[PDB]
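The form deposited in one PDB entry is given below as one chain in structure tokens.
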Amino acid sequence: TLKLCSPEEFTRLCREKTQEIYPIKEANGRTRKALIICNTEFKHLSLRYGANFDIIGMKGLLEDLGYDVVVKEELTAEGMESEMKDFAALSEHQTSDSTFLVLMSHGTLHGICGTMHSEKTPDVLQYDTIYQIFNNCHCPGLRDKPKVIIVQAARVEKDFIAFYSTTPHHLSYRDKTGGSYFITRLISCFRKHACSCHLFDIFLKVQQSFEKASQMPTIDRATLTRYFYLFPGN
């Protein structure tokens, strides 16, 4: 389980390192929202078996971090774009301090695949469109707030960071019982280090664990201007 951060450390860091961390809102009156989009069944592509474990894993972790998790499954690229636009306009963001975006499906070189995707009939959502939907102009509720994008895609912008894994689907699961190596190790490191490490160190420790145990997940499009401490339990 996720080990929590005491209120003494929370206030001590917030009063002693105020200029260097993103401002966190207290749990009382806070409405953190996160969005998980996952595609398992495809008309032309193979089924992403085991993705259900990833969904339950991430949503559980995000709830322990204080996020009300919207879950959307089996969408086309046009459906993904519309669901992202709907999620970006949520008024709850104006009383939140951050958001998480989890994207799990098959992937192309510069985009993530929808349910209808084929090389003859493309159904792809470009990653550029994701950043435009959530930027400062088009998403006023999340201005100057960290926007974390977790992508598992089997193959003005500011305050963004993406963690990116494209391992082939049939090679990303240890058993038929767990989730993926990427999601499992991400959850494990978050449960262990979120109470004492900011977001970038957590991603680095996930990458360190991949060296000890295959291509490694990448940190991408990082435009964070502060350290992002989650302060779990506050």
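Residues that one form lacks are left out of the comparison. Rigid core (definition): largest C-alpha set, two forms, superposition within 1.5 Å. We number the residues from 1 along the sequence you see.
- The deposited sequence places no unmodelled residues between residue 110 and residue 111, so the chain runs continuously there.
- Missing coordinates between residue 222 and residue 223 amount to none of the deposited residues, so the segment is unbroken.
- For the pair 177-185 and 161-169, the record assigns the higher mean C-alpha temperature factor to 177-185.
- Stretches 13-21 and 222-230 differ in mean CA B factor, with 13-21 having the higher one.
- Looking only at 71, 154, 130, 150, the residue with the top Cα B factor in the deposited structure is 130.
- Split the chain's modelled residues into thirds by C-alpha temperature factor. Residue 46 is in the middle one.
- Among all modelled residues in its chain, residue 201 ranks in the middle third by Cα B-factor.
- Among all modelled residues in its chain, residue 117 ranks in the middle third by Cα B-factor.
- The PDB entry assigns residue 92 a C-alpha temperature factor belonging to the middle third of its chain's modelled residues.
- Remark: residue 31 belongs to the highest third of its chain, ranked by C-alpha B-factor as recorded.
The form deposited in another entry exists for this protein as well; it is not shown, and the discussion that follows is about that form.
- Once the two forms are fitted on their rigid core, between the shown form and the other one the CA displacement reaches 2 Å or more only for 177 among 52, 46, 177, 208.
- In this overlay on the rigid core, residue 188 has a C-alpha that sits less than 2 Å away from its partner position between the shown form and the other one.
- Once the cores line up, the CA of residue 166 ends up 2 angstroms or more apart between the shown form and the other one.
- Compared with the form shown here, the Cα atoms of residue 170 and residue 47 sit 3 Å or more farther apart in that other deposited form.
- The pair residue 59 and residue 169 separates in that other deposited form: their C-alpha atoms are at least 3 Å more distant from each other than in the form depicted.
- Under a 2 Å criterion for C-alpha shift, the lone consecutive stretch of 3+ residues that differs between the shown form and the other one after core superposition lies at 166-178.
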